Structures are given as structure tokens and as C-alpha cells.
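>>> model this:
(chains A, B, C, D, E and F)
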Amino acid sequence: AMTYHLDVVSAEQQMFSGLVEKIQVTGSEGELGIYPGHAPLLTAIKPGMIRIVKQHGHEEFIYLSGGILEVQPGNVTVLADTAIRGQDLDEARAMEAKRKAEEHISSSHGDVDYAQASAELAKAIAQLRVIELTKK
Amino acid sequence: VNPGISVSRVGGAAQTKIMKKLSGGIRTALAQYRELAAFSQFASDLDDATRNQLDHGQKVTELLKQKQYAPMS
Amino acid sequence: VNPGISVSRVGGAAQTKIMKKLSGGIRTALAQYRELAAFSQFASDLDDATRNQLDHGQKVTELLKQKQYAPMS
Amino acid sequence: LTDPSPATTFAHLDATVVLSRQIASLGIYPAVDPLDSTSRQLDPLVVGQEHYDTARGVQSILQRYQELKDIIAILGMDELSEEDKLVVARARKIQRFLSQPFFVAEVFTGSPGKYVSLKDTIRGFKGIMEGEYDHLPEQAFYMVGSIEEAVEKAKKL
Amino acid sequence: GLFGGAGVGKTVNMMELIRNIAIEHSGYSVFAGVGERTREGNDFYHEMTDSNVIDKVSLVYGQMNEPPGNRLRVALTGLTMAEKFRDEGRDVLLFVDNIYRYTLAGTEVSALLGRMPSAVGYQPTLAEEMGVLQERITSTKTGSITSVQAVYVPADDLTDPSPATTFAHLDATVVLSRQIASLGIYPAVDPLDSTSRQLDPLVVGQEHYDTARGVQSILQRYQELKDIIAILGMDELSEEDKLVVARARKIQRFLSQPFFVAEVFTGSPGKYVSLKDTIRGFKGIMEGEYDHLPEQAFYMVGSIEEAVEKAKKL
Amino acid sequence: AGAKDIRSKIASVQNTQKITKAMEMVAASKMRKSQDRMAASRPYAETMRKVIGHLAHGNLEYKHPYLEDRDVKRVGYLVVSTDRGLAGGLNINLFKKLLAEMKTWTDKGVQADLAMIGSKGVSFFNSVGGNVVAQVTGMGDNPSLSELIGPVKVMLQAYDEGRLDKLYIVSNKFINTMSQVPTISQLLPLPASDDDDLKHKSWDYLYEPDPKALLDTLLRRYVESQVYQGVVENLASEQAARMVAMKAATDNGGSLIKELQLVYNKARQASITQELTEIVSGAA
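Residues are numbered from 1 along each chain as shown, chains lettered A, B, ... in the order given. Shown next is the protein structure:
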């Protein structure tokens, strides 16, 4: 069934949308069975697929890494993230960024519209004896 | 022959009826295939309008051209 | 005198053993120094190959120039 | 400059001066081609550290700034660095500040005429083209003699 | 003078000028020709059977199979035959072909006879023939002597006598590009670089000054809103882009009125466009007034007189 | 048609104009499609800021760990990212806003603690001056919160412990399609998210958290969502500035050299002088 709008927001754009009713998802304390009529209870959503009905009886198992159960007065704002932060993960940013940035750091991105113009600008930017032949 | 540099004066309308209104589009395939396929160095990521002229222009121009000392009836 | 355009007829055969065997700074010093000045015409296109040869090919040949009192004894 | 007067006068006489249109068309106070040729007392033994350092620095800065138009004119100030600002500021400040009037050259333009010396003009090239006296602008170096007009005009206005 | 490439052709100028100028003004418009092809005379002459001009024009062409003196001596027929009608009561109007026969025959014959002349491969008789022949086609008391200056320059040679003699001996020079005829219009002559000295300045009147200033400023100021703005997008199109694009496209596509060239060749009418409709309609209704005419119903209309009824009747 | 220098100048001008037009069209299409398809990241910032600020009036009103932040002893800074060629005005606004804001904000008695990010941070901070605490390498046009752990992890010990209280997040912003305005707002201190904190919670004001969960998870989501979502203005402003500058400058800059080819139209007249020598030999 469908009742309250339980839209999910990711780190960039929107993750999920549409109304929801009997959303049998696990809370912060453990497994719970919420539905339509619950009060505001901000919990946390960890990893694991939870079978919840979406719209017109669409029991889909939404699996994600991080999640923040932001329940308000009749709303269900599931403020999720791209990846959770816990053990290690972000612990190597201090030694990797400090050790890699204290000596020499190199940055090489994609640039599909700039890497193909290396031969034209590098091969055409040379030979200054014909380009600077303008008299004054 | 070169593409677009070799042209006469009467054209294909002075020949038969099958080579006048049904076989006379060398400027469209040569200009569209050469102009749309030659500028692919710095401007990549071809869409549907540029990928269709490479197979038809390259396959028709490379497979429909006569060789050396080739008789054509 | 610019390097490259001064091509001798005898070359290095009309000298001794040290002058003919120790003349390794012709094509390497004259050709290696021209690649660093012409290859760096973009947005600072220098790396290990551009800087590893500029200190021994371009910087070593910059101080060896004939002045007003050039005496080869 | 392609007839027999340039080839015959450039080798059959002393100096080979000329009158280029770039000095007179820009609005300078000299209107003479000083980069064409020089005298015989501008080498190293009969010259000195002032003429050798001023000729080497002015020739290298003027040749690099005047020859860097193929990479600094079409591309603009995108691929520039310290050579464009230092060569353009030293070459523009020394070339734009090296011209001054000379009595008859003062009443034919509009600015006044002041006789400069050799200590300020010969000693001022190691400060304006190095970083000491390079804080002046383009208006403070126009119609300046050596160090008195540049220091007094740049420090008083 | 005349410039440009193709687009109009000899059938549009001869068919449109052999009926409108012949009936609107008393006079006989003849033609000439020096340095043509041997086969064109067997085809272009057929056009004379499609517009009825052979009985009112004297085709004096020399083709190119002869030498220089036998084919370049067509100056006596035009000047000797055109003076009998212009000095009697009518108005003569000749038409030249090109300048390759007079320039090549005059420079080669005058420079290859063992005598020195001009420089850059030219002869010293260009100022006498160009200045004496260019000033002979002037207005008189018994009739105006007009001549179509159809000289061909040597691939835009500013150092030779083609740009100096053609640009200094003639008056107005109209250019016809492929942009005005490639879209599907009637007149191929564009409005840019196709005016005289007394057509856009303050030496005419409020009609020519207001129409020339409004059409020139509207065309030049509106030509960049449809070409330079197409590479970005039409999101920033305000009243200037819609009014300038609609007025420039409707006025440019509807101002090409058809003459009498297609009345006896294709079947379209139009008669002749008047100066009151084109001079009193393109300066007010083609800027921001009466925006009811489209692009399909406004075509094939005589100036702005036939475009008023087409917006409500079609 | 050319003449030694006219042939090489015409060929180099044609190749540079064609390469600049193709690179400007590809950069304009990729910048418009990537910017139009990626310039809508506001779900995490709007949901976390509106959900945290709308419910923080009845829970975070007693204790707030994001108020004092760090001790007033230093001054943080930032650097804009420029991984593509010809960034435009990012080098002048980055060094001018970072050097003016860091020098003027730290000249009174504070220190420097800049954070490099992108290709421009390794040469505009570590190769110029100031401070180099951490330099995030390997960003690109697809920034996310998973690869941006160096900013929150390296800056979490200097903004929530006691080092730099006030900072300056200098970044190349873009409010339109051709308006690259670099903003330098004060970050790592107090967000002051008071969009809906004027009223109390009308529903059930009870949850399974406290001040650490409401003050720690909101800073990573708001800081990572704003810093990660605001990074599209650097790639869109650099690619759009390089495409508009290459397309607009390709028809007025190098194309102006083609005007010199008009002078070649007179050079053919010099060939007539080659016939003059014939008057002293051939024609006699």
C-alpha cells in the first residue's frame, strides 16, 4: 500500500521517492515493524536489505551502506549517505595526505575534452620564427 | 579522383534516368562523411548523426570505388 | 656560430684519439637541448625526461662559449 | 635599408644608426633606432661592468620580451610566468624610461629638457631591471631622464 | 557595376528588365558580348524565345574563335548603334559581358607589339579606354545613355587596373551571394554592400534615409541574433530577438517581389513593385507593427502592398 | 596560397582554429551536459540542513558542539580545483582571495592552515606559499563523499579540537553559465542553520541519540554535501570558461593573423618585379 512519503536522499542527488505504508525496516535498536501512523523517531540505518512496500504493493529490498532515519510529523526523510565511516577507511587520510603532500603530490584527472588537444597545442605552439614575424 | 574537386558541367542528369534522380548524392555522403568523420580528433563522443555517416560513407566510398584497370558495365 | 649548420668535411678524423673519441657532445648535446626548449611550449610540459637532460645537456653547454679572447691551448 | 646606402654606410663608416618607425610611432622621447648598431667602445675591456651588464641585461630582456610575442600575444597572459612580467616590466620600464629630451628635443614635443649624467643612467640599470627600482608604473617612467626624474616623479607622484 | 556569383543569372535580368524597364520607360535596351563560348549562343539565344526580347535587343557578341582584333572590335557597334536611339528620343541601355577580351586583347596586343607600357602585366591604354569609355554613358537632353558595367576583376587584383578601374570608373556595385538564393527566395541580390553614395546618405529624402537607415540598421543589427545566437541557445531570446528575427525573416523573405520574369516562363505574377509600398512599409511595419504576416503566406508578394491582404486573407 | 611564412602561418592558424573550435565545441557540450545533468545536488544538504535545523530547536538547544568549534589560535584557508586546461580566472581569484583573506585575516595574530584540493592546490599553495596541511589528489569531474575523506578527516582534528576557529573556504563558484565568481565563505566554525528553529517540535520530541550523534553526523553530511556538491562550479566554470574563451578567442585572436594573409594579396605584385629584371636580360 501507500500512505506517507518515504523519500530517500543519497549523498549527491535523490536515491528513492514515492509514498510508502507498511515499511518493515530495521531501526537502530534492531528489527522493527513500522507502518502508517508512527510518531517521530530519528534512528539510524546500517547495512542490510530491508523488504518494504513502496507504491501499489511494491515490496522492494532497498540495500544501502549508510542511512539516517529522520522521522518527523507524518514524514519519513531517510537521509542516507554514500558510504559509512567507522574502522580504518578515513584513518589513512592523515598519513596518506600528510606523507603524500609533505614531499610531492601529483594530480591526474580524466579530462576527455583536454587530453586530446595535447598534440595540437604542443605541436602547433612551437616554431616561433614564423608566428612572431609581425613587423612593428 | 578527389572528393569534391573533380566535377564536370552536365552532371548526372544527362545520362540515364536511374543515374539522375536515384544515383546522384556524392556531395552529401562525401561532405557529410568526410566533414563529420574528419573532425573526430579533439571532438570525440560521436552521437547518432555522426556514427551513421562513418559506416555508410566509409563502406560505400571504400567498397563502391573501382580499382586500377577495372571494367565497369 | 649556431650548432647544427656547421658541418665539417673531414669531421673528427683529422685529429688525435682524445679529440675524436671525446667529442660526444655533438648530436646528444645539440639535439637534447633543443627538445627541452621546444617541448615546453605548452602549459609547463616538463617531467623527468625534460629535467634529467637539461642539467647535463643545456646547462653544461651554456657556459662553454667563445668570447673575445678565446684561446685553445 | 636594402639599398647601397645601408650596406655601404654600415661598413664604410663608424656607427650604423637608423630611424625606425616603432620609436617615433609610439610617442617616445628619442625617435631613434638604438638597437641597430653601436660604437666600438661597448665590449668588455674598453667598456666595463656597467656597459657589459647593462648591454647584456637590456639585450636579453629586450630580446626575450620583444621575441616572446608568439607565446604572449596570441595566447595572451594564460601561459605566462615570471619571465613575461619581469621581461615586460624591465623592458617596458627601461625602454620607456631610457628616452628623454635634449634641449632641441624638448621644445619640439611638450615636455621639459633636463641634462642627465652617466652615474645615474649607468648605475640605474641594476635597480629598475632587477627588483629595487621596479615599483614604478608606466606614467611615472614617461619622459624621464635617469634616476632623478624616475625617483622624484615615481616617489613624488 | 556588378559583383557576386550566381543566383540571378541572365534570364532573370534579361527577362525581368526586358519587360518592366521597357514598359515603364521609353527606350531600347540592347546588349553586347566579347569573349563568350561557342555553344552558349546555341542555348542562351533560346531564352530570347521565352521572353520576347529578340525584337527589342541587338545581341552583338564575338564569341572567342577569332583573334584579338577580330573579336575585340565590338566597341563601334555599341557606340555607333546606341547613339542613334539615345539622341532621337529613346534611351539606349547596353550590356557588356566581361573584361577578359578587352583586358587580355588590349594588354596583350598593346604590350606584345614591341613597345613598353604599364607595369604588373598591364598596358598604358587602360586609362584612355576606361576613362573615355566609362564617362561616355551619361545622361543627355534627348535620352539617357545607360550601360550595364559587367566587368570581371582578376580574382580581386588590387594592384592591377581591375579594382582601380572597375571601382573608380563605375558607380554602384551590387553583389549577389549564394546565401540569398540557397534558402529559396526570388531576388538573389542581398542588401549588404549593394548601395550607392546617394542611397543611404543625407542627399535624398526622409523615405530613402529612413528606409535605408532602418533596413540597414535592422538587417545589420538583426543578422547576428539568428546566426551567432544559434551556437548557444534560444533561452535568452527577449523582444529584440523575436521582433528582430520575425521582422528580419519576414521582411527579408517577403521583400523579394517577383517581376515580369516568371510571368511568361514560370507562371507567377507580381507586376512591378512601387516605391511607396517598399519605402513606406519596410520602415514601419517591418520593425514592430502589425505582426500578423507569417512566412508562407508572405512569400510572392509585391513589396508591402500585397502582404497586407495576405495576413488576413490567407 | 602562401609564401614561405604565409603557408606555415596559414596552416598553423587553420589547424589552431580547427582544434580550438573542436575542443571548444566538445568542451561546451560536455560542460553543458555534465553541468546540466550534475548541477542538482541539494538532497543531502537540504534534507540534512532542514531536518537538522527544523528539529534541533528542541534537542540541540541545551548543548551544541558546533558552536565554539575550535580555539581562536589560527586561521584556516582553502584552494580551488583546476584539473582542466585554461581555468580562466581561478588562479587570480584563488591566489588573490586566498592570499588577501589569509594575509589580512592572519596578519593580526593568527596562523595559516590552508587545505589544497585538486590540481591547482599542489602548485598554488605548496609551490607558492602559505600552508600545506593536506592536498587531496585524484578528484576529477565526478566528486563524491567517499574519495573526499582527506578534507573531513584531516580538517576534523583542527576544527573540532582546538587549532583554527575561523577559516575561509575559497572556491571557484559559478552562479550562471558564464559567471565564474569565486566565493570564500567562513567554514569550520558555525553554520547557524536557523531555517526552521524558531518553533519547537510539534510531533514526538524523542529519538535514540544525543548531542554527539546530532552534532557529529550533521557536520559530515552538511560539510561533505556542501563541499562535495559545490565542486561542480570549478569543473563547469573551467570547462565553460575554456570553451567560451576558445570559441570566442578563436575567431578574434589567432583568426586575426589570417588578416595578415590579406597582405599576401599584395605580395603577388612583388612577383611583377621579377619581370622587371627581364627588361635587363630577356626584354633587353
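
>>> what residues does chain B have near chain F?
Proximity of chain B to chain F, by C-beta under 8 Å from any C-beta of the partner chain, involves residues B:39, B:41-45. Heads up, the C-betas are built off the backbone N, CA and C, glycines and all.

>>> make a ChimeraX selection of whichever of the residues you listed turn out to be buried.
In ChimeraX, the members of the residues of chain B next to chain F classed as buried (16 or more other C-beta atoms under 10 Å in any protein chain shown) are selected with the following command:
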select /B:39,42,43
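
>>> check the residues of chain B next to chain F against chain A, which are close?
Checked against chain A using C-beta under 8 Å from any C-beta, the residues of chain B next to chain F yield the following neighbours: B:41-42, B:44-45.

>>> which of the residues you listed fall in helices?
Counted as lying in helices by DSSP state H, out of those, is not a single one.

>>> could you export those as a markdown table, including distance to residue F:166?
As requested, those are arranged in a markdown table below (distance: C-beta to C-beta, whole Å):
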| residue | distance to residue F:166 |
| --- | --- |
| B:41 | 49 |
| B:42 | 45 |
| B:44 | 46 |
| B:45 | 44 |
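
>>> and of these, the nearest to chain E?
Nearest to chain E among those, counting by C-beta to the nearest C-beta, is residue B:42 at 16.8 Å.

>>> number of nearby residues for the closest residue to chain E within chain B?
Each residue of chain B has a distance to chain E, by C-beta to the nearest C-beta, and the smallest belongs to residue B:9, at 10.3 Å. For residue B:9, the number of neighbouring residues by other C-beta atoms under 10 Å in any protein chain shown comes to 5.

>>> give the contact list for residue 3.
As the question left the chain open, I've gone with chain A. With contacts defined as C-beta atoms under 8 Å, 6 or more residues apart in numbering or on different chains, the neighbours of residue A:3 are A:19-21, A:36.

>>> please refer instead to chain F.
F:264, F:267.

>>> just the one 10 residues further on next, same as before
Taking C-beta under 8 Å, 6+ apart as the criterion, residue F:13 is in contact with F:254-255, F:257-258.

>>> and with 7 Å instead?
Applying C-beta atoms under 7 Å, 6 or more residues apart in numbering or on different chains, we find residue F:13 in contact with F:254, F:257-258.

>>> equivalent analysis for residue F:60, please.
Listed by C-beta under 7 Å, 6+ apart, the contact partners of residue F:60 are F:211, F:214-215.

>>> can you rerun that using 10 Å?
In this structure, residue F:60 makes contact with F:52-53, F:66-67, F:193, F:197, F:210-211, F:214-215, F:218, judged by C-beta atoms under 10 Å, 6 or more residues apart in numbering or on different chains.

>>> before we move on, what about residue A:59?
With contact taken as C-beta under 10 Å, 6+ apart, residue A:59 is in contact with A:22-24, A:51-53.

>>> rewinding a little: export the contacts of residue A:3 to CSV and tack on neighbour count, distance to chain C and secondary structure?
Written out in CSV, the entries for these read as follows (neighbours: other C-beta atoms under 10 Å in any protein chain shown; distance: C-beta to the nearest C-beta, whole Å; DSSP: H, G, I helix; E, B strand; the rest coil):
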residue, neighbour count, distance to chain C, secondary structure
A:19, 17, 53, strand
A:20, 25, 52, strand
A:21, 18, 58, coil
A:36, 15, 60, coil
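
>>> how about the closest residue to chain D within chain B, what does it touch?
With distances taken as C-beta to the nearest C-beta, chain B approaches chain D most closely at residue B:42, which sits 17.0 Å away. In this structure, residue B:42 makes contact with A:113-121, F:18-27, judged by C-beta under 10 Å, 6+ apart.

>>> so which of those reach chain D?
If you filter those for contact with chain D, counting by C-beta under 10 Å from any C-beta of the partner chain, you are left with residue A:121.

>>> so which of the contacts of residue B:42 sit within helices?
A:118-121, F:18-27.

>>> among those residues, who's most crowded?
Counting neighbours by other C-beta under 10 Å, the top entry in the ones in helices among the contacts of residue B:42 is residue F:27, with 30 neighbours.

>>> these two touch, right, that one and residue B:45?
No - here residue F:27 does not reach residue B:45: they are 11.3 Å apart, not a contact under C-beta atoms under 10 Å.

>>> overlap in contacts of these two?
By C-beta under 10 Å, 6+ apart, the residues touching both residue F:27 and residue B:45 are A:112-113.

>>> widest-spaced pair of the contacts of residue A:59?
Between any two of the contacts of residue A:59, the greatest separation by C-beta to C-beta is 10.2 Å, found for A:22 and A:51.

>>> how many residues are close by residue A:26?
Residue neighbour count, defined by other C-beta under 10 Å, stands at 19 for residue A:26.

>>> repeat that for residue A:88.
When neighbours are counted by other C-beta under 10 Å, residue A:88 comes out with 7.

>>> separation between it and chain E?
Residue A:88 sits 48 Å away from chain E, going by C-beta to the nearest C-beta, to the nearest Å.

>>> do residue A:56 as well
For residue A:56, the distance to chain E under the criterion C-beta to the nearest C-beta works out to 38 Å.

>>> where's the residue most central in space within chain D, which helix or strand?
If you average the C-alpha coordinates of chain D and look for the closest C-alpha using C-alpha atoms, centre = their mean, you land on residue D:95, 2.9 Å from that point. Assigning secondary structure by DSSP states H and E places residue D:95 in helix D:82-97.

>>> show me how far that helix is from its chain's centre.
Centre-to-centre, helix D:82-97 and its host chain are 10 Å apart (C-alpha atoms, centre = their mean, to the nearest Å).

>>> elements contacting the following helix or strand past that helix?
Scanning forward in sequence from helix D:82-97, with DSSP H and E defining helices and strands, the next element found is helix D:104-107. Other elements packing on helix D:104-107 under the criterion 3 or more C-beta pairs under 10 Å, 6 or more residues apart in numbering or on different chains; DSSP states H and E are absent; no helix or strand qualifies.

>>> pull out the buried residues from helix D:104-107.
residue D:106.

>>> same check, this time on stretch D:127-137
Neighbour-count burial for stretch D:127-137, counted by 16+ other C-beta under 10 Å, picks out D:128-129, D:133, D:136.

>>> check stretch A:24-32 too.
Within stretch A:24-32, the residues that qualify as buried by neighbour count (16+ other C-beta under 10 Å) are A:25-28.
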